[PDB]
């Protein structure tokens, strides 16, 4: 980065002091003590287990200074009322000191996100950096910002939402110079309430933006009511200022033409949505002074962004939901709290498959049991456990849940009842059920996901 514990304290409001600590120039931030390095800034967040509980391991790992809501004794700490708020303010501040251009985008999608494409085009000319993975929430954005490489010219940030107001915060924090809203009214829209609201929330991407700023939004009527009053708005879709005049789809390729470009564009993916994303990514790419060719050239090669956490279907018209990345306690603890908000499909049955999360370290087993706090007999009807370190967690669930509502299958260097997990799951999973598969991606975990789908 480019900060100092003294500077940060100043920025956050170090309720303590700092004149006491050396004031060493920092290397970078981490909330995952297991990621901290020498001269880094530790930031203890409220995860599966509280972050503070890892401050000591932080320093043993390299921490130079640590954010904290309490006295740390014998270590450089910045005392604040709340770590996440402080972490946010630090990102907000950094964005002001970097004077880097921020491009906000809302709407992951799937194959190749508008976030990755827009970034891709901007790279051809400027040193750009983008939200890595799904770090598009109130923790990921500030993380992303601060992790920005030295001399970053264009920063493309993605902003997801779970509750109406989450994007208003993100926008207020990053102050996008430009923004894009792809939208797609959710189904069982967990936590949220309905399309019009989902639209009210994404449209908040504008709040932090300056007057006259370029905001791209769908032609879809459901946004009308929430258009900004003082921003330059461009609508995209059939009929709108920007529209796909022509599209052609091969078996696994695609070519489309945009009413503002003069030559079609090729994309190594298939979809009218990928088409719109690329189009909207380009229009913006142009505004930043990038030749239509550098673009057409750029799309030449892309980079499928491996699935992403989105619902799907097992040959059974069932509502799968395999999370392949983010193999950590907090991730699963949330991935659960969510999956257990959305009531059920048709019948009303809730299944949940869980397997070992590698690399949690020596405290792996202790870490898994922690999930027992996120498992409720009332909301979850059946819970299946696959793995080894997940064993004590299964035993705990079996004692908390109804008789027979839990299942456990072993998997080690000696055994692997994957065969039996298969069956059990098939038989257990009804054509009107929802099965959440979460946990480290393993060769087998992948196979099961397969069978389900066939």
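Numbering follows the first chain given and starts at 1.
In this entry, 377-385 has the higher mean Cα B-factor, the comparison being between 198-206 and 377-385. For the pair 102-110 and 281-289, the mean B factor over Cα atoms is greater in 102-110.
Note on the listed residues 415, 424, 395, 66: the highest Cα temperature factor in the record is that of 415.
Out of 153, 249, 82, 166, it is 249 whose C-alpha atom has the highest B-factor in the PDB entry. The PDB entry assigns residue 89 a C-alpha temperature factor belonging to the lowest third of its chain's modelled residues. The entry lists a Cα temperature factor for residue 274 that places it in the middle third of the chain's modelled residues.
In this PDB entry, the Cα temperature factor of residue 268 sits in the middle third of its chain's modelled residues. Sorting the modelled residues of the chain by their CA temperature factor places residue 329 in the lowest third. Ranked within its chain, residue 241 lands in the middle third, by CA B factor from the PDB record.
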